[PDB]
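Fold and geometry: a report
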Amino acid sequence: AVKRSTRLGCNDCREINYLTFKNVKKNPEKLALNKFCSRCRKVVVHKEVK
Amino acid sequence: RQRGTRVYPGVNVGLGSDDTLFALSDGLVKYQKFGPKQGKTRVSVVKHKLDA
Amino acid sequence: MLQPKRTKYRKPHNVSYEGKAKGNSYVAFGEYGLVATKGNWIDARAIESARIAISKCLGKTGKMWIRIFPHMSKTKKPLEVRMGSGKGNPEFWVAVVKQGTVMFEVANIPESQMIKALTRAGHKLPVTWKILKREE
Amino acid sequence: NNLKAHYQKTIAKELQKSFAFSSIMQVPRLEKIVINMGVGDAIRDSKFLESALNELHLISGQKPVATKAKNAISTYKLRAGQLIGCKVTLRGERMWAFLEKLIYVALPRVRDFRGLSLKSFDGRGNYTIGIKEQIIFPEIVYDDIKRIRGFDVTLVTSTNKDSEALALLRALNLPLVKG
Amino acid sequence: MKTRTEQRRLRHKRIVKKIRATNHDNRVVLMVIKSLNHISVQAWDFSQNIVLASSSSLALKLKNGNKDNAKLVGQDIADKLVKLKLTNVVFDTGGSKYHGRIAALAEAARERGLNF
Amino acid sequence: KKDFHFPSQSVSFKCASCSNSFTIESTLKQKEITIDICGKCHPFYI
RNA sequence: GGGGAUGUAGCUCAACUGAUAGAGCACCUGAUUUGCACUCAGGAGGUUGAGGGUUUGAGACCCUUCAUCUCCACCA
RNA sequence: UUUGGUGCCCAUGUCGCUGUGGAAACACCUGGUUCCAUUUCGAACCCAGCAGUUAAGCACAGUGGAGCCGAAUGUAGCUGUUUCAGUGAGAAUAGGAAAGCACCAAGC
RNA sequence: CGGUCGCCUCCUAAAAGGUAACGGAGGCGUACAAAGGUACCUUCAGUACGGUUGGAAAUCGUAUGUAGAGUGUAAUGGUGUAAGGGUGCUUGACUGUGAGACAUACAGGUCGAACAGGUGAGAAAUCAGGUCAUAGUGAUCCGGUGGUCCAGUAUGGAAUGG
RNA sequence: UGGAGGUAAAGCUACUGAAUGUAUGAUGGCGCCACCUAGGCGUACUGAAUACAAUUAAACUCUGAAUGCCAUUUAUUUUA
Ligand SMILES: [Mg+2]
Ligand SMILES: [Mg+2]
Ligand SMILES: [Mg+2]
Ligand SMILES: [Mg+2]
Ligand SMILES: [Mg+2]
Ligand SMILES: [Mg+2]
Ligand SMILES: [Mg+2]
Ligand SMILES: [Mg+2]
Ligand SMILES: [Mg+2]
Ligand SMILES: [Mg+2]
Ligand SMILES: [Mg+2]
Ligand SMILES: [Mg+2]
Ligand SMILES: [Mg+2]
Ligand SMILES: [Zn+2]
Ligand SMILES: [Zn+2]
C-alpha cells in the first residue's frame, strides 16, 4: 500500500490530535490549518508533524 | 436504501451520505408519484396528526 | 452468406423459439409467402441454400424478400472436452423462427413457379412450411 | 457624439418612412461589435499572446478577455485550460466611436478596400468583417508582434431579418459594393 | 438569451425550492418582488399556501422605486405582521440581489420588531 | 468600468484635401494626428 | 530504526578549509595525411543536489531536507 | 369578474403561426454622479426617473401544422381450472386537446 | 498440469430482498488544500449560417437542438438551473457524544435525529462531523513513538508498566 | 385496500447495438465534361438526410401486467 497519510499537531500544547491525507508529490508546502484542540479547548493553528 | 436517488425525499424525510432516506418525525410513510409523465417517485412521513 | 458485421457480446444466451409469432407474421413486401408451422433453430447456412434455390428457379424479373435474419449466435465446445473451463467459442449463426413468421416472399412472376419456388425453399429447411397469400 | 445624434434623427425618420414603420423603435438598432483576433501560437509562444492583448486594448479602449478552448486537439497541439484568443465587446458610447473610427479612418486606409457584401449576413441579421492586417490601423505603432494577423470585427442588430439589417447598413452608409 | 423577468423567475424558483426544503419550523415567508416602477411584498405560508398579509407601493400610494419609500413599506408590513402575532419569519427576495431597496426593506422590517 | 492607464481622450482628426475634423475618442496623443487617406479621400465612397 | 559519508562542465572527477570554479573525456573550430584513423592546440560545455541561518568574507562553516552508498540493527 | 404578483401542478400546460391590447399596473426605455457590477461590456446585476413605446416580453381570440394524450372491440402474456372462466397489456385507431386549482393588491 | 483465492459494478437472478456453477463482461489496493464547506452568479455536446492567418474540426457572433455534454475512475443508478462551470471567504477533511434503524452466525459494516463546546460561509433563515452514491482495504499477538490527573513490590525516586 | 418493482409480453422514428426491404435520393461515385485536380453531369452507382413499410436483443427500453412481497382493515383460529 501507499502512504499518503500525515499527522497534524497543535502549536500551543504541541500535541498531535488529528490524522489526515496529503500528497507530498503534488503539494510541496506544509499544511497550516486551524482546527479545534481538546486540550486548549479553542481553535488554534495545527501544523504538519513528522 | 438506494444507489442514486430513485425515490425523492419529501416532508419529514431526510437524506444521507449514501442517498439513504430516513425519517425526521413520527408518522405513517406514504409514496406519491410526481414529475414529468409521473416518472418521479416521492416519499414522505405524514405525521400522526392525531390532533385530538 | 448472411452474417452480422459485429456483435457487442460474442456469447449470448440462446433465444427460445417456443411461442406464437412476434413480427414478420404477414406477407408485406411480396404477395405470396412461406410461413412456418413449427418453431425451430435454422442456421445461416440453410438461408443461402433456400435463397439459392429460389434464385435458381426464379426468372429474369422476379423479385424476392428475406425477412428473417440470423442475428443470434450459438457456440459448440470442441470434441473430447469435459464440461467447464468457460463457455465454448461461437461456431454458427442461427435465425430464430417461431410458429407463424413469414420467412420468404415472392412476387412479379406467374402463379405456378412461385408455388414451386416456395416449395423448393421449404424442402431445404427443417420447419414444416405452408403457402399463404396477401389480404387485398 | 454629435454623429450619434445624427444617427438618432436620421435612422428614425428615413427607416420609418421607407417602410411605414408604426413605431419609432421598429427601426433597427445596432447592439454590439465583438472583436476576436485569436491565434493558437499562445500554445507555444505565450509571450506573443500578451502583446496581442495590449494592441487589442489600444484598438478599442476596453481590455480584452483572453478566451479558452472548450476541447483539446492533438494535431493543433491544443489542450483545455489554455488561452487562445481575445474577445472585446463594445457598447454604449464606445461602440459607436469605434464603428465611426473604423469606417472613416481605418477602413479607407485598407490597401484595396473594394468591399464584400450581400454574401456576408449570417441569416439572422449579423455581419462579420475579416481584417487581414493590423498595421493598417492608425492606432498601432510599427513595433508589434513578430507575426502579423487580422481581425474578425462582427456586428449585431435588434432586427432578425437580414434585408432590414441591410437597410440599416445602407442608412448608415457602410461602404460595400451596392450595399 | 432571455429577459430580466425570466432570470428573476429562475432565481425566484431556486430560492423558493431551498426554503421549502430547509424551513423546518414552518416560519412565515416574506417574499418581496421588485419591479422597474414599484416593489411589493407578501407574506406567504408554504404549509397552507395562502397570503396572510400584504403590502405594496400600489397599496401605499407612493411614487416608489426609491430607497426612501422602501423603508415605509417595510414598516407597514412589519406592523401588520406584529398585529398578526408572527415574528419568526424568513426573508427572501423575488430573485433580485439583496441590496438597495431590498436591503432597506429588510432592515426596516427588522427594526420594527421582526426576528430574521 | 474605469480606473485605467490608457485614457480614451477625445482627439480630433484632420485629413488632406478635405479637412473633415472628425473628433473621436482614442488613447493617443492629445494633438492633431493627420490622416492621409480619410473616408472622403477614397474613390469608393465618391 | 539509526550512524557516517558523498553530490561540482553532458560524463568521469579536483573540490578553489571564505577573502570571489579548475582538469581528462563528450562536442565546435584550427592545424594535421593520398585516405581513414592517430596527433597537437584554442573555443565552447559550470547557475556548484536544493532551501534556510551566521560573518565584512562559506559550492567551502552551521541547520534543514532530497537522492545514493556502506554499515549495523531488523522474533508482528 | 380583469390586470399584476405568487404557490401548487409538470404538455390534453408545449413549439410555432395569424391578429388585438393597454386606464391602472407589467414591461421595454432614459442616464451612470452617488450604493453596487463586469473573469470585459450599466449587456446583466444596482441605482433614480418615466420622455417615448405597443416590436418584444406579457395578456386575450383564432389556428388540429409539429409535439403530447387516447376510448371501446380484439389479441399477446398470466392465475386457476380447463382444454375454458376471469385477469387483462404493448402496438394501431376513431378521437380529445390552444391548460387547470387556490391566495393576495387595484379599478371592478 | 493450466486457472483462481480479498473487495466493487451489470447480466444470469424468474418486476420485494436473497440465490450457485472452472457461467457471461469489467475494475479496484485510489485521487483532490481543492475536485471539501458556505454565499453569489451562471447552464449542454453537436449542428446550421456568417468571418484573416486557420485548414473537416482551435476562437467569435447568432440560431437550432431536449441530453447523445459534464458529473476524476469499471459499470450501474442518479443528476440538464441540478450533484455541471466560475468567483469571494474559509478549513466542519471539528472535539465529547449519540435516541432510533438497515444488514448480519460471530467478528465487523451502513444510515442517522438530537445535545454540549468552539468555529467557517451567509443580512438572516440555514448549511458544514469530507467529496453525486456504491471498490481504494488486514484481526490478534509483539515491539516502537507522543501525551497523560493511574501504578511505582519497606519508604523517596528510577526502572517497568497502565 | 395502499405501496415498492421493470419480469412475461410488446416495441424500436424512445435510445444503444444487430438489422429485412423499400420513398426519394444530397454527397462520395465511374466515365464524360471539367481539371490536373475537385466537382456538375450519362454515373451499369453508391451513400447522407429524413421517411415509409417491416425486423432482433440476458447485459436495448418510450411502455408494461398477472403472480409474488410489504403494511394496514375486517372475520376466525393458536399460545405459539
Ligand atoms: Mg403587438
Ligand atoms: Mg497448480
Ligand atoms: Mg430481485
Ligand atoms: Mg423475484
Ligand atoms: Mg461512469
Ligand atoms: Mg468554492
Ligand atoms: Mg462537488
Ligand atoms: Mg511474534
Ligand atoms: Mg519502591
Ligand atoms: Mg524494593
Ligand atoms: Mg421478451
Ligand atoms: Mg433499434
Ligand atoms: Mg430484457
Ligand atoms: Zn493545543
Ligand atoms: Zn480626406
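Its PDB record attributes the structure to cryo-EM, giving the resolution as 8.7 Å.

Facing 17 residues of chain F, the contacting portion of chain D comprises 21 residues. Interface area for chain F against chain D, summed over the two sides, is near 1,700 Å², with a carbon-plus-sulfur share of 70%. For the chain F face of the interface with chain D, the top three residues by lost area are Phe6, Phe44 and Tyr45 of chain F, together amounting to 30%. Remark: the boundary between chain F and chain D carries zero salt bridges.

Around RNA strand J, 25 residues are found, and the nearest of them are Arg6, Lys11, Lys22, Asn24 and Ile66 of chain C. Sugar and phosphate atoms form 73% of the subset of RNA strand J atoms that lie within 4 Å of the protein. Here a sugar or linking oxygen of RNA strand J and a side-chain polar atom of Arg6 of chain C are 2.4 Å apart. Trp65 of chain C is positioned with one of its side-chain polar atoms (N or O) 2.8 Å from a sugar or linking oxygen of RNA strand J. Among the secondary structure elements, those contributing two or more residues to the surface near RNA strand J are strand 4 (28–34) of chain B together with strand 3 (63–66) of chain C. Per-element accounting of the surface near RNA strand J gives the leading share, three residues, to strand 3 of chain C. By residue class, the composition of the surface near RNA strand J is nine nonpolar, six polar and ten charged.

A few words now on the environment of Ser5 of chain A. Residues and elements named next belong to chain A. Along the chain, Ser5 turns up in strand 1 (residues 5–10). As a C-alpha pair, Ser5 and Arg39 span 34 residues in sequence and 23 Å in three-dimensional space. Apart from residues lying up to four places away in sequence, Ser5 is in contact with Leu19, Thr20 and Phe21.

What follows deals with the pairing of strand 4 (residues 89–93) of chain E. Residues and elements named next belong to chain E. Most of strand 4 sits out of view: five of its five residues are buried. Burial along strand 4 is two-sided: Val89, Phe91 and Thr93 and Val90 and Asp92, pointing in opposite directions, are all buried. Here strand 1 (residues 28–34) pairs with strand 4 via five bridges, running parallel. Within strand 4, the residue paired with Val32 across the bridge is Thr93.

As a further point, take the side chain of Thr101 of chain C. Residue and element names in this part refer to chain C. Tracing the sequence through the fold places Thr101 in the loop between strand 5 (89–97) and strand 6 (102–107). Residue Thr101 is classed as buried on the basis of its relative accessible area, which comes to 4%. Excluding its chain neighbours within four sequence positions, the residues that come into contact with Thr101 are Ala21, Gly23, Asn24, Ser25, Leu34, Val35, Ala36 and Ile68.

Here two pairs of chains are in contact, and chains D and F lead that list by number of contacts. Taking C-alpha atoms only, the smallest gap left between chain A and chain F, which are not in contact, amounts to 36 Å. Of all C-alpha pairs spanning chain C and chain F, none lies closer than 58 Å, and the two are not in contact.

Scanning all chains against the criterion turns up ten salt bridges over all chains. Note that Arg45 of chain C is salt-bridged to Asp43 of chain C, the shortest N-O span being 2.3 Å. Put simply, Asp41 of chain D and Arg149 of chain D hold a salt bridge, and the shortest N to O gap is 3.6 Å. Of this pair, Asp41 of chain D sits in the loop between strand 1 (33–37) and helix 2 (46–60) while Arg149 of chain D sits in the loop between strand 4 (127–131) and strand 5 (151–155), and the two are 108 residues apart along the sequence. Salt bridges here are not isolated pairs; linked through shared partners, they connect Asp41, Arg44 and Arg149 of chain D.

Next up on the list: the packing of helix 3 (residues 67–83) of chain E against helix 4 (residues 101–111) of chain E. All names here are of chain E. Running from N to C, helix 3 and helix 4 point in directions that differ by 35°, and their axes come no closer than 7 Å. Judged by the sense of rotation from one axis to the other, the crossing of helix 3 with helix 4 is right-handed. Judged by residue contacts, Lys67, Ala70, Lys71, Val73, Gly74, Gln75 and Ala78 of helix 3 engage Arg101, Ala104, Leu105, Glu107, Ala108 and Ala109 from helix 4. Per-class residue counts for the contact of helix 3 with helix 4 are seven nonpolar, two polar and four charged.

Core analysis: the largest hydrophobic core is formed by 40 residues, its most contacted members being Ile33, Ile35, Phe137, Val153 and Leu155 of chain D. Those elements giving two or more residues to this core turn out to be helix 1 (2–19), strand 1, helix 2, strand 3 (83–90), helix 3 (92–106), strand 4, strand 5 and helix 4 (162–172) of chain D. The residues contacting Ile33 of chain D, other than those within four sequence positions of it, are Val88, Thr89, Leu90, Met95, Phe98, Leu99, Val153, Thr154 and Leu155 of chain D. In terms of nonpolar packing, the next biggest core, distinct from the first, is built from 21 residues, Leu34, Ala36, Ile68 and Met114 of chain C among them.

To continue, consider the environment of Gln134 of chain D. Residue and element names in this part refer to chain D. On the secondary structure map, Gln134 appears in the loop between strand 4 and strand 5. Sequence spacing of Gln134 and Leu56 is 78 residues, and the spatial spacing of their C-alpha atoms is 10.0 Å. Filtering out sequence-adjacent residues up to four positions away, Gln134 remains in contact with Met37, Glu55, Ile140, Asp144, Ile145, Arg147, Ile148, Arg149 and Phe151.

Rules used in this analysis
Residues numbered from 1 in each chain as written, not as in the entry; some residues may be left out. Chains lettered and ligands numbered in written order. Part of a larger assembly, values for the part shown. Heavy atoms only, no water. Contact = heavy atoms within 4.5 Å. Buried area = accessible area lost by both parts, 1.4 Å probe. Salt bridge = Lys/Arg side-chain N within 4 Å of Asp/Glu carboxyl O. Near = heavy atom within 4 Å. Polar contact = N/O pair within 3.5 Å; in protein donor to acceptor, adjacent residues only side chain to side chain. Helix = DSSP H or I, 4+ residues; strand = E, 2+ residues; numbered from the N terminus. Nonpolar A, V, L, I, M, F, W, Y, C, P; charged D, E, K, R; others polar. Buried < 20%, exposed > 50% of the residue type's maximum accessible area, 1.4 Å probe, protein only. Pairing = 2+ DSSP bridges. Axes fitted to C-alpha atoms, helices over the stretch in contact; angles between N-to-C directions. Left-handed = near helix turned anticlockwise from the far one by under 90°. Core = buried A, V, L, I, M, F, W, Y, C linked by side-chain atoms within 4.5 Å.

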